[PDB]
Amino acid sequence: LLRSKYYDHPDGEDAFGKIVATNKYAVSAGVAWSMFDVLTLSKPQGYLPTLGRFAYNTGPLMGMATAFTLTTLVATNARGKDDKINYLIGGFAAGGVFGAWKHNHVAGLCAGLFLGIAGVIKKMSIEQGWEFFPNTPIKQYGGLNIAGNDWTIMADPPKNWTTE
Amino acid sequence: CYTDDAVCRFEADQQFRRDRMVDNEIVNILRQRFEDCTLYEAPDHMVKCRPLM
Amino acid sequence: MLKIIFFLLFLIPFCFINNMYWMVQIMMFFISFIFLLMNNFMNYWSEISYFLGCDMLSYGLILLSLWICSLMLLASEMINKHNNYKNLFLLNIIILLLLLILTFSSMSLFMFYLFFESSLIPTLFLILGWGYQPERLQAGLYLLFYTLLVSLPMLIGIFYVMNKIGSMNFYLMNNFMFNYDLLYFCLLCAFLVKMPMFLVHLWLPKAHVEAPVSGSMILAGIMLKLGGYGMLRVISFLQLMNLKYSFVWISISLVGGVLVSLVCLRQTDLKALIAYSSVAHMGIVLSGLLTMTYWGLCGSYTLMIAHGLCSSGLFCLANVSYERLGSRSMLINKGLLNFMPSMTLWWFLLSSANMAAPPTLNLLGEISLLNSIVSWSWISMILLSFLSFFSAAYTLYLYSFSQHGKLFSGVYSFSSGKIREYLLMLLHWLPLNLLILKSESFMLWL
Amino acid sequence: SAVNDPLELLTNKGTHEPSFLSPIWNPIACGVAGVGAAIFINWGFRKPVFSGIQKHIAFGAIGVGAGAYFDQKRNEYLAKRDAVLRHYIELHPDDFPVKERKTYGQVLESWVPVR
Amino acid sequence: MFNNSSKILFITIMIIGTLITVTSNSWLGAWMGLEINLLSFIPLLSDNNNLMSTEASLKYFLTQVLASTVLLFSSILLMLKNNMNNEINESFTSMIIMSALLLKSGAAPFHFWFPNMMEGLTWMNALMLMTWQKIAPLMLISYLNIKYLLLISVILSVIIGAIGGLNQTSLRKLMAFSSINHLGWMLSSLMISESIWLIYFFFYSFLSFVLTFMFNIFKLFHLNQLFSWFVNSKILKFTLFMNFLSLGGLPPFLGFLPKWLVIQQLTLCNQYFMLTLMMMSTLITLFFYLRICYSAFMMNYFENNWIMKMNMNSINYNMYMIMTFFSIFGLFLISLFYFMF
Amino acid sequence: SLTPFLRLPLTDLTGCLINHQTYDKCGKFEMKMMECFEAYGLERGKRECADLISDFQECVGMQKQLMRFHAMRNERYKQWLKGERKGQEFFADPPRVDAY
Amino acid sequence: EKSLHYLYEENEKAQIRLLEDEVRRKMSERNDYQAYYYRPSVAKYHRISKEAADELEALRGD
């Protein structure tokens, strides 16, 4: 249940696996930023405001994640089309939720434009079939003359393997 | 010619451009024939210029 | 070719010799005469020397580059009267002209990119070195960071085209065709910034004003045409995807042409109004480029050639009032018909060239561009009429308010007009009416 | 040829003539670089730019010799790379098969209408 | 830094220890060479005239011995799990090895010691620190095959190393933050090649030698100190400041070449988004390079008039003007190069 | 073993420092891996030579033998806790003191 | 004819560039050839240590 991905099922197929996947990415990002937060800038003292800063920096990211996933599922299941503007609506909704945590209306839309751009680019990646971070098909372990670069003084004993 | 050859693509593109310019001159001369029909047959341009048009 | 490149390479040591400012423009006009002689070009690439060749589009753009730089050495006598660094100025101009010749006579996309982004460093040097404003730092940083921010992912697009095709040559890349959104955005948006859009223009009116006269010539004369040349080379293999996404850029460019033409009626600077005037005509160029017709491409090439002369000639006119009246403000520049009456001939002859004029090449470029855009859709007849009406609504305002009316009181005594300035604005207008004769040269590059 | 044979693409037939600047570009470019470096040294020390021409001669000779030596090593490197590519094409005839050339007439694809 | 022959002895033994590190065929002899390099880089980075150099050497000691013991512990753990030095399927012990190497190198999750130590040094020990001391960890990073740690390090290096150098007006901390961004381009090249990394590292080293020689001969440690620097001809000061535009990656100068080879090899390796993330976050590096270039690109300044003679070394500035010529005219030598292929 | 980046004279001393080649229970297994790493190299030796890798790791790492020993000892204690085995027959006949 | 020759040269260069990209991709996929994409692991030190350990068996004595 906790190992579910976002794209193991199509859009609108299951809700809970998408909520768990996007929320666990939000929890990982919030914990990774909060560990660098409370030790470097605005360092709190005591057990209670440290956990308060952890909740304040993690839970709003969870709210952005679940709001984007919920309005993405609503825009997907409200019609028959599965296209990139549902991801645009979800990015606008996540930006609007982020704005509420900011308490600035301008921040919410300004965030929704960039999150919708990220959503339509990710949906373009899903539709076309390429990856953001693929494995390298070519990995140059060294240059040419890689067998003749052995500048060692020790004489080689005769090998125990042949090609015959 | 084959897809991998770029020698044929340049030569066929050049004769396509040359045939385009020749056919443009065909249409231009055929239009100038109608213009000369309109000027030479000034009152009666309705009847005579119809095969040219 | 290699004759012009080695001519400028051996004209490089002319800068280090003292009292050698005026011989360099003499040799530049001589090599412009030699480049007028070497005109055996057709639509394909000719005079193939290694990686350097030339077709008709490249011929017109190198000839425009040589004429603009040769007049750029003629316009800047303020550098020669003062002891400002003439050797560095001449070296920067020769290096920048050599880079423009190298990026226009490039056979391939990558050398075009390399000398294309090498060209912005001498423009940076002229803007931050020889300008007369405290905001030269705001001028050059906007230009460099706009063009660099949108031109860095174009390099990823260029090597994606190289990995999919194999070659870098323009003809072998003309055969292929791509169906990708992001490749189209990478290979287009850098030129979409390099020619002025409505949304991405900002570097233009804040980099023309704070530059020198030579920065104004090199920016509005040939470096709004690097993007046009780049789009003329890139659009040939991205036809299917630009036909999907071209209505957004054409609508934005046409409404932005109308809006920037409404901006110039509320402009109080001579050098800023020509800076926004470059946005409106290149909006028509951009709107006619994406229709992919024969007439749109030919009229775009004709209007870029005829705009690089007239905008630079207007920028020389705003300089010879800035040198004497002491400011570029439109309120100060009033009644120059009674101060310089012989200059008023060149003001109206170069302001009429900015709009539709009877003998100029700008009208033959504007006629062949409106043909393609009216052919593209009938809804564009509403906003082409508004744009081409507002163009002479604002362009007559600069000549009318600067060259007619009561005189500005409290102006101190300045010098009269000079033969160099009359010669400088002579060579910005007689090419505009001598090139309608043999106009099949400067229009049919296809 | 009617086949797209991978072995004949890397095999040098010998019909490619080197250019006039190909054997002589790197020594003269490195000699001009050495002369310009000596001029740059003389400019940075506020000496006359052609004072001490022995430094210019030594820098140009060092540049010409280094350019000729590394150009010969570059040619040997490219010859070894070509031999490596030909040997890997010869050793694996299944992963790189001769492919029949196709005339445009057999293919039917996508005119993009502009209209 | 040549006040004594003992410092030349420490230089050759730190060269020997780094060469022992990068040629070790086991994970423990590499640690042996790391300790030799550490022993010979403690007395350099320490001097009697500068008070901050001793506490900076204390910071270097604590940072490196924290990183070296974690490197030893994880290598012994790898050897306890599988008794060969390599690993078939990559696991968490390789992640601990790579994190201990990233604390040594100075990647941006672990880079906070780097400019804080750099705030109190000289310009020759900085030249040893950002060039030679990046040899020993980065050449061990190439032995591991995990991707996401390198991805996080490259992304964090190019955003944090570019943004964090904007507030700094000290030249040493700004060069440290610029070297942090140029570190991320080296690790992005390490995922795709072991030769393009050598190209980028050698020319980044070349740019580091020619740019830190400008601040070492004339003793420049501040942005405002560049405006008061007296050069007899202002054209020479304008020409000497083109190494910032060279190292920032501008096409007519050298320094565009290694970044361009990284771009060429990454696009051929189908990695486009990380390249865009680096190149949108390298414009800030050219922004704080151009903020240095305020002091030379204008042709006249409001100079202080008490100093009227430019004082300089002879041998060091003779070596400087050779490398300044090839920093801006070095793209003519691309026809002679054959090590890209 | 790790392939060094550079092959200088300074790898001649570090290379022989740790190795099962000096007399050991199964250095002859490690040699049968190591020559295999001369045949396919380091990266193709991770795939094409996986059977000889696991025997050397099984021998000197002692993984499955100790896991089998702990499975045989925990099952005996589970049988003791579940009441199947109790009393003086909890432990079997011990070996002789010089048996191994 | 100059443009025809230059186009033929550039087209053949394009085919050889595509073919060497394919050859390099198949070489890096399998790590087969000994020029690129190959990490040379040598057992020279293991054979030296085994020869030394065999040599010190003769030295064992009194």
Using alpha-carbon coordinates alone, the radius of gyration and Dmax of chain D in Å work out to 25.1, 72
Among all the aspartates and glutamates, which ones have a C-alpha under 17 Å from C:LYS225's C-alpha, if same-chain residues fewer than 8 places away are not counted?
C:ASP55, C:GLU117, C:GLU366
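Output the pairs from E:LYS134/E:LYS173; E:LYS7/E:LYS104; A:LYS122/G:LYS13; A:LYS5/C:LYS164 with a Cα-Cα distance over 28 Å in this structure; if there are none, say none. Don't skip to the end; give the middle numbers.
Details: E:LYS134/E:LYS173 17 Å; E:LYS7/E:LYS104 23 Å; A:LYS122/G:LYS13 36 Å; A:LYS5/C:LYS164 32 Å.
Pairs exceeding the cut-off: A:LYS122/G:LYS13; A:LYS5/C:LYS164.
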So if we plug the beta-carbon distance of F:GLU75 and F:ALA99 into 1/(1 + (r/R0)^6) with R0 = 25 Å, what FRET efficiency do we get, rounded to 0.05?
0.60
Max mean-square fluctuation residue, GNM over chain C, Cα-Cα springs under 10 Å, options C:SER409, C:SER108, C:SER261
C:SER409
Would you calculate the volume per residue, in Å³, of the smallest convex hull containing every Cα atom of the range A:113-157?
151
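Would you mind ranking C:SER375, E:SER40 so that the residue whose beta carbon has the fewest other beta carbons within 10 Å leads the list? Working shown, then result.
Values: C:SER375 15, E:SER40 20.
Arranged by neighbour count, lowest to highest, C:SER375, E:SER40 become C:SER375, E:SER40.
Under unit Cβ charges (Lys, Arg +1; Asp, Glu -1), what dipole magnitude, rounded to 20 debye, does the protein assembly as shown have relative to its Cα centre? Before the final figure, lay out the partial values.
Details: 96 positive and 83 negative charges, 675 e Å.
Approximately 3240 debye in magnitude.
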Over all directions, average the projected area of the Cα convex hull of chain E and note it in nm².
17.8
Could you give log10 I(q)/I(0) at q = 0.12, 0.21, 0.27 Å⁻¹ for chain G, computed by the Debye formula over C-alpha point scatterers of equal weight, without solvent?
-0.60, -0.87, -1.02
Highest GNM mean-square fluctuation, chain C, Cα pairs closer than 10 Å: which of C:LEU254, C:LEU350, C:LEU407?
C:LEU407
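Where a ≥ b ≥ c are the square roots of the eigenvalues of the C-alpha gyration tensor, would you call the range C:354-428 rounded, which needs a/c under 1.5, or, failing that, prolate if a/b is larger than b/c, or oblate? Write down the numbers at each step before the final one.
Numbers: a/c = 5.39, a/b = 1.97, b/c = 2.73.
Oblate.
Translational D (Stokes-Einstein, µm²/s) of the range E:173-321 at 37 °C and 0.692 mPa s when Rh comes from the Kirkwood sum over C-alpha pairs? Intermediate results must be reported in sequence, preceding the final value.
Numbers: Rh = 16.7 Å.
Reported coefficient: 197 µm²/s.
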Among G:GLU22, G:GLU51, G:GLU12, residue whose mean-square fluctuation peaks in a GNM of chain G (springs only between Cα atoms under 10 Å):
G:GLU51
Within the range D:34-52, find all residues whose amide N lies under 13 Å from a label point positioned 7 Å from the Cα of C:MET20 along Cα-to-beta-carbon.
none
Relative counts (whole %) of C-alpha pair distances in chain A, using bins that are 10 Å wide:
9, 25, 25, 13, 9, 10, 7, 1
Gap in Å between the Cα centre of the range F:19-98 and the Cα centre of the range A:14-61?
44
What are the residues whose amide H is under 5 Å from the amide H of C:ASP269, where those residues sit 5 or more places off or on another chain and H is modelled from the backbone?
C:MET330
Based on the Cα coordinates of the range C:215-330, what is the per residue volume of their convex hull in Å³?
84
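Order by neighbour count: C:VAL285, A:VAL74, C:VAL24, fewest other Cβ atoms within 10 Å first, most last. Don't jump to the answer; show the numbers that get you there.
On the way: C:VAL285 29, A:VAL74 14, C:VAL24 21.
Ordered by Cβ neighbours within 10 Å, fewest first: A:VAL74, C:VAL24, C:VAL285.
Taking a temperature of 37 °C and a viscosity of 0.692 mPa s, what whole-number D in µm²/s does Stokes-Einstein yield for chain B with Rh from Kirkwood over alpha carbon pairs?
Working: Rh = 13.7 Å.
For these conditions, the coefficient is 240 µm²/s.
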Would you kindly derive the ³J(HN,Hα) couplings of the range F:16-24 from the backbone phi angles with the Karplus curve 6.51 cos²θ - 1.76 cosθ + 1.60 (θ = phi - 60°), listing them in order in whole Hz, with x for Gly and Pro?
8, 4, 10, 5, 7, 4, 5, 3, 7
Across bins of 10 angstrom width beginning at 0, how are the C-alpha pair distances of the range C:240-292 distributed, in whole percent?
27, 43, 22, 8, 1
Rounded Å value of the spacing that divides the Cα centres of the range C:346-381 and the range C:266-300:
10
Top positive-direction residue, dipole computed over chain E with Cβ charges, set E:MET52, E:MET308, E:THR12:
E:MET308
Amide H contacts under 5 Å for C:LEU337, placed H, 5+ residues apart
C:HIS404
Along the dipole axis of chain A (charges at Cβ: +1 for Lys and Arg, -1 for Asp and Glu; origin at the Cα centre), the most positive-end residue among A:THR163, A:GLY12, A:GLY59 is A:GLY59
Amide H to amide H under 5 Å from E:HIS222: which residues, 5+ apart in sequence or cross-chain, H placed 1.01 Å off N in plane?
E:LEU171
Enter the angle in degrees (range 0 to 90, nearest 10) between the Cα long axis of helix E:29-41 and the first principal axis of the Cα atoms of chain E, meaning the one along which they spread out most.
30
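Over all directions, how big on average is the projection of the convex hull of the alpha-carbon atoms in the range E:71-158, in square nanometres? Provide the component values of the computation, followed by the final result.
Numbers: hull surface 24.7 nm².
Quarter of the Cα hull surface area: 6.2 nm².
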For helix D:53-91, report the angle its Cα long axis makes with the longest principal axis of the Cα atoms of chain D; keep it between 0 and 90° and round to the nearest 10°.
20
Sorted from largest down, what three extents in whole angstroms do the Cα atoms of the protein assembly as shown have along their principal axes?
134, 86, 76
Partner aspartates and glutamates for E:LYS237 [C-alpha distance under 14 Å; skip if fewer than 8 residues away on the same chain]
E:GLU303
Projected onto the charge dipole of the protein assembly as shown (unit charges on the beta-carbon of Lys, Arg, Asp and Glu, signs +1, +1, -1, -1), the Cα from C:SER65, G:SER41, A:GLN140 with the largest positive-side position is that of C:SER65
What helices does chain C hold that run 24 Å or longer along their axis, going by alpha-carbon atoms, with a Kyte-Doolittle average of 1.0 or more, using DSSP H for the helix calls?
C:21-37, C:56-75, C:86-104, C:136-165, C:239-263, C:270-289, C:380-403
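Give, rounded to the nearest 20 debye, the magnitude of the charge dipole that the range F:19-81 has about its Cα centre when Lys and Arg contribute +1 at Cβ and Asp and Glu contribute -1 at Cβ.
Values: 11 positive and 10 negative charges, 100 e Å.
Value, rounded to 20: 480 debye.
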Extent along principal axes [Cα atoms of the range E:16-124; Å; largest to smallest]
51, 29, 18
Given contacts defined as C-alpha pairs under 8 Å and at least six residues apart, what's the relative contact order of chain F, whole-number percent?
16
Helix E:315-328 versus the longest principal axis of chain E: what angle, 0 to 90°, nearest 10, using Cα atoms?
80
Name the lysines eligible as straight-distance cross-link partners of A:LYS159: C-alpha to C-alpha under 25 Å, and not fewer than 8 places from it in the same chain.
F:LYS25, F:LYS28, F:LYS32, F:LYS46, G:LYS44, G:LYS50
When the scattering of chain C is computed by the Debye formula from its Cα atoms alone, each counted once and equally, what is log10 I(q)/I(0) at q = 0.06, 0.09, 0.11, 0.13 Å⁻¹?
-0.23, -0.53, -0.81, -1.17
With 10 Å bins from zero, work out the P(r) of the range C:78-175 over every alpha carbon pair and list the percent per bin.
14, 35, 29, 15, 6, 1
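Give me C:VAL279, D:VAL98 ranked fewest to most by other Cβ atoms within 10 Å of their Cβ, as a rough exposure proxy. Could the numbers behind the result be given before it?
Numbers: C:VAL279 25, D:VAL98 13.
Neighbour counts put them in this order, fewest first: D:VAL98, C:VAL279.
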Place a +1 charge on the Cβ of each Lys and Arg in the range C:306-446 and a -1 charge on the Cβ of each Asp and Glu, then give the dipole magnitude about the Cα centre in debye, rounded to the nearest 20.
400
From the convex hull of the Cα coordinates of the range C:32-81, what is the mean projected area in square nanometres?
4.3
The range D:65-113-the range C:209-255 distance, computed between alpha-carbon centres (Å)
37
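Run the numbers on chain E and let me know its relative contact order in percent, using alpha-carbon pairs under 8 Å that are six or more apart.
Values: 414 pairs, mean separation 50.8, N = 341.
15 percent.
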Can you give the percent of C-alpha pairs in the range D:69-115 whose distance is more than 13 Å?
74
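Bear in mind these aren't lab numbers, they're just calculated from the coordinates by the rules spelled out. Heads up, the Cβs are rebuilt from the backbone with ideal geometry, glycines too, and the neighbour counts pull from every protein chain shown.
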